[PDB]
Structures are given as structure tokens and as C-alpha cells.
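Here is the structure we will look at, set down as C-alpha cells.
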Amino acid sequence: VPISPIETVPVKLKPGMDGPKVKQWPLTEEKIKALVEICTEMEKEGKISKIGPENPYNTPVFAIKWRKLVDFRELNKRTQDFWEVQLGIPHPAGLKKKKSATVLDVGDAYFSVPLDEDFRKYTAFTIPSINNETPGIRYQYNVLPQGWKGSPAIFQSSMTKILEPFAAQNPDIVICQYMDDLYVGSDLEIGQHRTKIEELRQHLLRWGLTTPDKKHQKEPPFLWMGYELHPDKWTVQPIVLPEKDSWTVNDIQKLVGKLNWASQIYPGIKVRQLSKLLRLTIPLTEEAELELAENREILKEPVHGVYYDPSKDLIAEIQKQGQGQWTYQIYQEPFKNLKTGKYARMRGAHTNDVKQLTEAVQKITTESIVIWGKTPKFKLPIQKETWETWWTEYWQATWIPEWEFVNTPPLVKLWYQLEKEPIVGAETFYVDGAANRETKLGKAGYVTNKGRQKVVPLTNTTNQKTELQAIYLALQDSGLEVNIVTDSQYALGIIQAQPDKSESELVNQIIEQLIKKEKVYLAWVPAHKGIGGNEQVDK
Amino acid sequence: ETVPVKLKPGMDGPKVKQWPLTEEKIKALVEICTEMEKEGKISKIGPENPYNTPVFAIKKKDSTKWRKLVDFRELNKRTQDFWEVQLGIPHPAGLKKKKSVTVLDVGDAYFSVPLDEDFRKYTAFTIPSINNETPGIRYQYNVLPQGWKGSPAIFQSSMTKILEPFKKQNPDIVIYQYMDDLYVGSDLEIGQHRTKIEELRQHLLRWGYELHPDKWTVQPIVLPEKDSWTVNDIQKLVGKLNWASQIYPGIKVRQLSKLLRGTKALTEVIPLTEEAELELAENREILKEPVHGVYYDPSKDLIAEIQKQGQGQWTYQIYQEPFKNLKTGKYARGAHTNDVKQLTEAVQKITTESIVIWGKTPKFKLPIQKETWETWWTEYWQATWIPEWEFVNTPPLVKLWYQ
Ligand SMILES: N#Cc1cc2c(Oc3ccc(F)cc3OCCn3ccc(=O)[nH]c3=O)cc(F)cn2c1
Ligand SMILES: [Mg+2]
């Protein structure tokens, strides 16, 4: 008989804010009659109670015509910000396989938890009378109103308090709390598991929480938060792609987002060309049609992920897809993936394959700690010697967790390396470039110690472009080994960052030239300081 | 017995997201917080508390027991700077000059003092759960928390009465307190200093990490001394002198540049004229003298720039105004295989030095990508405080000149 009453959460309005006061909009005679019946039963159950004329607050009430809808949108604007319930949803690949797993959705959940007495005044609502010839019947909520800002967060905190003693005393069961549902799983025999489930349902009934019975409890395969959970595997719910229309910008969310959603289990999914179109409103580049063809082939056969096994190692393997796209798989045994995914290159003017690989590792590392609480071992398509040369000579600090090289091309490589000391026997090219901002006219060229010279006139250019062009000229007109002297700090910052691809067409040409050289030493000197080789006069 | 406290006007409490933690760190935080709620240091809170402050776990000085660290940086800024009023602790200038200084963790003393009933909601933190399978445990601090700015200021009253005898008994030893760390300096022998340190340690038990400031100030700018100079050698020299000419007024490079006249090969030896050799000497003596008009301003922010020099070496400079370095140094050192563990140790060493010299931490400029630093810096952090930082994404040319 003891009901073990739930303790209310103290709730206040936002500071410098008062309760809501809204107009009771006119209702048809049938809707008024329909709301009277519901409120009488709800008042009989104790969920609401009639209020006097003292209350100065009002929230509107509508009928949709045998359903009651109290819109607390104004009270929500004025109720305090509650603590955020867990924003993320559990990922299936992080779940550990159990002999049995039971879903229990609590019914009439918010109405089973009371409300702070001092806040019940703000939940006031008036049902209009018929023909407006009688004062409307005023009510106030006594329990968590459905649609109120604090109803979910208060219900969760109340549920967790009740579940704590049962969980500590039943260590063999594992409980997961997510919104209004509880997911229990155990490795016990199916008989003892179902008996323990009935204990938990009795515990919740002790505190006044209704549960589904053994025959009413849903059984696998569970359809939950877009996934399909099975006793031994998991996958996403079947894919949905809209063909209509042949020309439509509605795919700004449908096609890419679903391919993004399928990317967690379907490997090799690409969205770059299709996401390019976005760049309430379209053409399809021929490169985007080839992406869906390879995507539809990946989406052809259904795939399933496995559940997590803490006893085995956690492995992650990355592949380069091209155009800043990366794909990864996370697994513990070969050919059986826990999950998959992709990484998109951050937008930049100059980038490096090694840099993108590092950012993908960090991304996967953070994702793994969220899901499994540990960093996976990496299998990366980069030679151990390449990473050592890169990290030892990079100006920034860089680190990658424990990893091993997997030889699945395209392998990530360093395409060029500058000398640290000047080259003996190599021609010394002094390069310089300048332009006039008014006329956009400029010159680029070089002078060398062998007496070789060149100056090229240019149109529609800037000082920074002419200084890049001068280096490009020195690279074109030089042998396999060359020393280059520049005064352009801008050109040095690009090359010391070591790009392999760039948005500027000129830098990519310089990159292509560096790749063809044997040894390149790049030196810097201050401009206009009287260095003999700096031929700024030639411009 | 509690001391009132409130945020600065027009600033709400901290609402900082908790970042994910590994499983080993979640276990450590669960064991620690279970004991703290039994001891009354913290108590679980409900959903009416929207405020949150992140929390993580470390191991300090190769000790097996895990420590709980709370990133109160947001709260400290939103905590009344006046919480320092009455100016907290002054910075003793004699601490930087003492031959030896030792740092102790006095944070366990803060737990004996209670926090104001109103301010406890702002000290809310969340122990995260793996895979969001269950809501995170939320506590709030009933007592003064470690890492807070008010906790040393509040306890400074008791701290003076606790250490008043040892002070009067040992007048030459200097004592300083920053956050949960107490810095005590002496001029005695290290072994005598360490045994004398146990005297202060016993005193702390009754009521309830060795560095040596022999660093020798801002390191000078140094030019090579060669018998033969190549075109490349002189080109690097002029570039460095032109750089130092922003810091030093009298630097002249005209005579050395005259030697580079014409288009010559980089590896060609150039004999030095007597006029140019004179110019190099006049520049050396200029570099031997100190920087002109360099002062510290307690209102301004300290800036720390770090440059990776390779092979375990790191250079750093502390300044409030550019080209007016208050201190320069090099950290040669760790983990030869891990650049990030080196940088994290470097950031901690610099911050420790900055607490001894000025009594406040600098804002760092780290030569590292934001996403790489944010992923790994907690795995190597061994200090009780946390400084602010930003990320340099453009390679500084001055890296060579500080080498
Ligand atoms: N609808 C729904 C629903 C159920 C669950 C959920 O259930 C579990 C609870 C505790 C546990 F120790 C394991 C669990 O599942 C492991 C994987 N699994 C799944 C199905 C199956 O038949 N067998 C099986 O092993 C956990 C969770 F985080 C979210 N959930 C949503
Ligand atoms: Mg120029």
C-alpha cells in the first residue's frame, strides 16, 4: 500500500519574468463540451484541479475534437532553463551483446510525477463557457504538463533516483535510461532474466510508474531511433531516397542526410559532389551521377554491424577516397565491422594529405572515446618512415596514437622535401616579383649566378601573385637541383606549410615543379636591404 | 562561518559542456566523487541546476592515485575578480630571486571551509557516461573547490594564521600561494631545503616539486663568429640583424649587405671587409646591452609564444607588448616520440615560471592545430591550474632567429 511519494523538483521562472497571460481564444460548442469531459476525469485522477479567480495567469487550450492540447509556449518562454537531458543517443556499436534485452516504455509518464506547488499557478488554463454567459472553468496542473519545458528533464531526474537502489542491488542486470523508456539486459538464463524484469516493474509500481506486461513488452527486432537492433547484429532502418523530382532542391536534406545516416554502417558512401549543389528553392554534375551509381551499388546489399566485445582489441582503419574525402571502419575481428564513417576535408586554401589523415584520426579518436571509452588501434595507409620525416620536420607539433601501416593504396606520401642547407654546385636563382595595384600590371623574373636571367610581363595580377610567379619561373628554368632566394614572406609561408594541393592554380604549378626536382633549397632575405641578388629594379 | 560570494554583475553562471572521457578516467572520477559525497564535500543535484563546469582526471608527479581536476576557467572569469579583493595575495618580488623554490599542494585544506549556500549551484559538474547509455552524475560543491579563484582568497585568512609561527621562526624563507599550490623559496642547501621542507609539512599536518630559479633572465641575441663566411651565411646574418633591428635601435646592416653585391652562388665564400667587420662588432655590443624601456604592467595580459625547434628543443618568449620580451628561454628536456607531450610539459613549465615571476598565468600561442591539441593535452597534464591558449596556424619565420 505505501506509495513512496516522488519528491518535487523546485522550479522557478526566469529572472525578471512573470507568468504567462494569454487570451482564451473562442471555441466551438462541441469543443467546449469535449474539454469538460476530459478535465472532469483528469481532475478525478488528480492530474488537475479547479482554481479560483485569484490566478492572474492563462495559457491557451485547444481541441483536436476529442483531444486536449494545452499550448504552454509562453510559459516555456518564461520557465527557467532546465539542465539538458542527455543530448546524444546511444550508438548501437557501443552496446555489448547480452543474452536477453527488454524494452519498457513508461506510460502516462509525465502525469505520474507531481509538479512543484509554487509553480502550479503558472500552468493555469481556462475552458470557455458556452455562449459566453458563464465564467469559464479555470484549472491548474498538479503534475508535469505534457509540452512544458521542464516536464522531460524533471521526469528523467525522478526516474534515475528511483532506479538507483534496484541497480546497485541487482548487479547482474544492466539498465540503460533514455527519455521515457528503459532498456534492461542481462546474461542470465532467460527464466531468471524475466523474473528480474518483473521485480523492476514491481519497483516502479511501488513508486507509481506504469509498465508494460510480459506479453505487452516488445520483442526483437527493435526499431529504435532510426536503427534496427537485432539479438546478434545491428543496422540502420531501411534507406529512404526521394526520386521526385528529377529537378529538385529538396535533396538538400533528403539525399545527403540519408547517405550521411547510412555512412555509419555502409562503407564507401560519398556525399561531396551531391553536397556541392547546395553551395526553399537544380542541375546534377556528371561527377555527382557517378557518386550515386557507386553509392547505389554500396546500398544494394544490406549490411549489419556487430556489438561491442570488451575482451577484444578495438581497431580502426582509414582509406583515402580522393578530393579531401576519407572513409574509415571500426572493427574487432576481420570483415565484421562495429561501425563505419567518413571524414570531410576542412575548407582551406592550401592542404596536405598527411594533415587530413591526422585530422581524421583525431575525429575517429574522439568518436571512439564517446562510444567505447577508449582509443582504437589504427591501421593507416602511410609508411612509418613517411610519418617520421613529416612529424620530425613539421613546424607544428603533431601526434598520432598507436598505429600500424596497412598497404592498401593510394598510400599517403610526402611529395617533396626542401633542403635545410644550401646546395653546392646548384645554380642560385634570385627571384622577385612586383605589381602596380592601380593598373594590375606587374613583372616576375629571376637572375642567377651563371648570368641566366628572365623577366616576364604580366597582366591582371598582384604583388603576391608576381612573387609566386617568380619562384615558378625559377623552378621551370632550373636543373634538377636549385637554390632559390626570395624576399616574399608570403611565398615562404605557403611553401613552409608544405601543401600538396591548393586552391590557387599557381601554387599547384609550383607544387608540380617541386615534385620533379631532386633538391630544392629555398632561402629568404629582407627586401630593399641592398642584397646584391635581389633585382627589384627589374621587377 | 561561510563567506558571501556572487558573480560579477551581468554575468550568468558557467554553462560549459563536458567533453568525453575514457573509461579509466570515468571509473576514477566515480570512486573519488563517491567518497567526497560521503565526506560532505559535494552533493548530488537535480535538474533545476542548468549550470555545468567540465571535469577530468589526471595523475600528478607519477603518483598512482588519480586526482580530480575541474576546468573552472569559465567560472573563475565569471567569478568576481573582486573575489580576489582584498587583492588576494600580493606577489613577492623576492620569490623569483630566491636560489631554490618548492611547490606544495595545499588544496586538501580548502575542503574544510564551507561554500556559500547560494554559490554552490555554479560549481556544478557532470561525470559523463560512456555512449550516453545513462544520464551523467551531477554534483555541486558544498565546500570550497580546488582550482577556484575564491578558494585561495577565502582560505588566505586561515592560511596566514596557520603559517604565522613558521614565518616568525624562519624569516628568510619566502611563502607564496597561487590557486591550490604553495610556493616556498629558500637559499639553503637542497638537502637542507628538503629536510627543512618537512618542517613546513609537519606544520600543515598539525593544523590539518623542487625547482631552482637559476635560469639567468632573458637570453641574449647571439650572432655567429666565423673565419670564413658564405653568401648564405651573410644572407642569414643580415636577415637576423634586420629582425633584431625592430627590438634594438642602433642595428645597421648596410655594410654587410654591400659584401653581398652582385649575383653570387650561395655557397661561395665572401671575405669580410674591415668596414663590415666593424659593423658586425658595433651590432654585437648593441645586442649585449638590455632592451630599452621594457616594463611589466599588471593590468595587461602576459603572452607566451612557443616555437618547436626540433629534436626535443623548444623556445619561448613572454611579453605584454611585442618586441618587448619580459623573459625568453629554451626548453631542451619527457617523451622523444611524442611532440604533444613535449608541448604540454613545455606549457606547464612556462606557466610555473610565470607564476613565480609575476603571480599570474600567461595566454599561450601554441604551434599546434586546435583539434590535435584539444584531443590529447589532458592525457599529459599534471598541474592543478589551467592557462588560456590560442593556436598559431601560420609558420613563424622568427623560429630560426630564436634558434
Ligand atoms: N528498443 C530499444 C533499445 C534497447 C536498447 C538497449 O538494450 C540493452 C540494454 C542493456 C544492455 F546491457 C544491452 C542492451 O542491448 C545490447 C545489444 N542488444 C540489443 C538487442 C538485443 O536483442 N540484444 C542485444 O544484445 C541499449 C541501448 F543503449 C539502447 N536501446 C534501445
Ligand atoms: Mg619583392
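Ordering of the C-alpha cells sets the chain letters (A, B, ...), residue numbers begin anew at 1 in every chain, and ligands are numbered from 1 in the order given.
Within range 256-305 of chain B, DSSP run on the backbone puts these residues in strand (DSSP E or B): residues 269, 270, 303, 304 and 305 of chain B.
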Subject >> helix (DSSP H, G or I) residues, from DSSP on the backbone, in range 80-215 of chain A, as a count of residues only >> reply: 48
Can I get the residues close to ligand 1 as a PDB file with C-alpha atoms, in the first residue's frame, where close means within 7 Å and we count only C-alpha atoms and all ligand atoms?
```pdb
ATOM      1  CA  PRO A  90      23.407   5.715 -27.632  1.00  0.00           C
ATOM      2  CA  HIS A  91      25.116   4.236 -30.648  1.00  0.00           C
ATOM      3  CA  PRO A  92      24.355   0.555 -31.341  1.00  0.00           C
ATOM      4  CA  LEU A  95      26.297  -1.766 -26.961  1.00  0.00           C
ATOM      5  CA  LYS A  96      27.597  -5.055 -25.572  1.00  0.00           C
ATOM      6  CA  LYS A  97      25.759  -8.212 -26.594  1.00  0.00           C
ATOM      7  CA  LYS A  98      23.553  -9.651 -23.848  1.00  0.00           C
ATOM      8  CA  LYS A  99      21.736 -12.979 -23.661  1.00  0.00           C
ATOM      9  CA  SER A 100      18.469 -11.047 -23.301  1.00  0.00           C
ATOM     10  CA  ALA A 101      17.318  -7.434 -23.565  1.00  0.00           C
ATOM     11  CA  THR A 102      13.936  -5.994 -22.571  1.00  0.00           C
ATOM     12  CA  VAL A 103      12.328  -2.680 -23.553  1.00  0.00           C
ATOM     13  CA  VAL A 174      22.407  -3.680 -16.953  1.00  0.00           C
ATOM     14  CA  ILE A 175      19.962  -0.773 -17.226  1.00  0.00           C
ATOM     15  CA  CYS A 176      20.014   1.976 -19.855  1.00  0.00           C
ATOM     16  CA  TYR A 183      16.260  -0.876 -21.675  1.00  0.00           C
ATOM     17  CA  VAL A 184      17.306  -3.774 -19.429  1.00  0.00           C
ATOM     18  CA  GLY A 185      19.727  -6.503 -20.459  1.00  0.00           C
ATOM     19  CA  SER A 186      21.298  -9.478 -18.689  1.00  0.00           C
ATOM     20  CA  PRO A 220      13.355  -8.041 -31.122  1.00  0.00           C
ATOM     21  CA  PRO A 221      13.970  -6.828 -33.757  1.00  0.00           C
ATOM     22  CA  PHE A 222      13.608  -3.429 -32.051  1.00  0.00           C
ATOM     23  CA  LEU A 223      13.052  -0.340 -34.209  1.00  0.00           C
ATOM     24  CA  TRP A 224      14.644   2.432 -32.159  1.00  0.00           C
ATOM     25  CA  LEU A 229      18.547  -3.632 -33.235  1.00  0.00           C
ATOM     26  CA  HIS A 230      18.838  -7.419 -33.516  1.00  0.00           C
ATOM     27  CA  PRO A 231      19.951 -10.023 -30.942  1.00  0.00           C
ATOM     28  CA  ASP A 232      23.332 -10.539 -32.653  1.00  0.00           C
ATOM     29  CA  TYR A 307      28.016  -5.383 -30.996  1.00  0.00           C
TER      30      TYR A 307
ATOM     31  CA  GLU B 133      23.659   4.971 -22.000  1.00  0.00           C
TER      32      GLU B 133
END
```
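A distance cut-off of 6 Å from ligand 2, applied to only C-alpha atoms and all ligand atoms, picks out the residues residues 432, 433, 434, 487 and 488 of chain A.
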Original post:
Can you tell me, as a PyMOL selection string, what residues are no more than 6 Å from residue 14 in chain A when counting only C-alpha atoms, ignoring any on the same chain fewer than 4 positions away?
Top reply: chain A and resi 78-80
**OP:** Determine, counting only C-alpha atoms, which protein, DNA and RNA residues have an atom within 12 Å of an atom of range 214-223 of chain B; residues of the same chain fewer than 2 positions away are not included. Present the result as number ranges by chain.
**Re:** B: 96-101, 187, 211-212, 225-226, 233-234, 236-241, 243-245, 247-248, 280-291, 294, 315-319, 324-331, 350, 353, 357, 400-403
Taking only C-alpha atoms into account, produce a table as CSV in which each residue of chain B with an atom at most 8 Å from an atom of chain A appears once, together with its shortest atom pair and the distance in Å to one decimal, ordered by chain and rising number.
```
residue,atom,partner,partner_atom,distance
B:20,CA,A:370,CA,5.7
B:21,CA,A:369,CA,6.5
B:22,CA,A:373,CA,4.3
B:23,CA,A:373,CA,4.6
B:24,CA,A:373,CA,8.0
B:46,CA,A:157,CA,6.4
B:47,CA,A:83,CA,4.9
B:48,CA,A:82,CA,5.4
B:49,CA,A:83,CA,5.8
B:50,CA,A:83,CA,4.0
B:51,CA,A:83,CA,7.3
B:130,CA,A:373,CA,6.0
B:131,CA,A:371,CA,4.4
B:132,CA,A:90,CA,5.3
B:133,CA,A:176,CA,5.2
B:134,CA,A:177,CA,5.1
B:135,CA,A:86,CA,6.0
B:136,CA,A:86,CA,7.9
B:232,CA,A:422,CA,7.3
B:235,CA,A:525,CA,6.4
B:236,CA,A:525,CA,7.3
B:238,CA,A:525,CA,7.8
B:239,CA,A:525,CA,5.8
B:242,CA,A:526,CA,7.5
B:253,CA,A:529,CA,7.7
B:254,CA,A:530,CA,7.1
B:257,CA,A:531,CA,5.4
B:258,CA,A:530,CA,6.8
B:260,CA,A:532,CA,5.2
B:261,CA,A:532,CA,3.7
B:262,CA,A:532,CA,4.3
B:263,CA,A:533,CA,4.4
B:264,CA,A:449,CA,4.9
B:265,CA,A:428,CA,5.5
B:266,CA,A:422,CA,6.5
B:267,CA,A:424,CA,6.1
B:307,CA,A:395,CA,7.8
B:308,CA,A:395,CA,6.1
B:309,CA,A:395,CA,7.7
B:310,CA,A:392,CA,6.6
B:311,CA,A:392,CA,7.5
B:338,CA,A:399,CA,6.2
B:339,CA,A:397,CA,5.3
B:340,CA,A:397,CA,6.0
B:343,CA,A:397,CA,7.4
B:367,CA,A:396,CA,4.9
B:368,CA,A:396,CA,5.0
B:369,CA,A:396,CA,7.6
B:371,CA,A:362,CA,7.0
B:372,CA,A:362,CA,6.4
B:375,CA,A:362,CA,6.7
B:394,CA,A:493,CA,6.9
B:395,CA,A:493,CA,6.3
```
**OP:** Write out as number ranges by chain the residues lying within 12 Å of range 361-364 of chain B, counting only C-alpha atoms and excluding same-chain residues fewer than 3 positions away.
**Re:** B: 73, 178-179, 298, 300-307, 316-320, 326-327, 343-344, 346-358, 367-368, 385-392
Original post:
What does the distance between CA of residue 109 in chain A and CA of residue 139 in chain A come to in Å, to one decimal place?
Top reply: 20.5 Å
Subject >> Two-atom distance - CA of residue 271 in chain A, CA of residue 408 in chain A (Å) >> reply: 22.4 Å
Subject >> Selection near range 77-88 of chain B, 6 Å with only C-alpha atoms, sequence-local residues under 4 positions removed, as a ChimeraX atom specification >> reply: /B:7-8,150,153
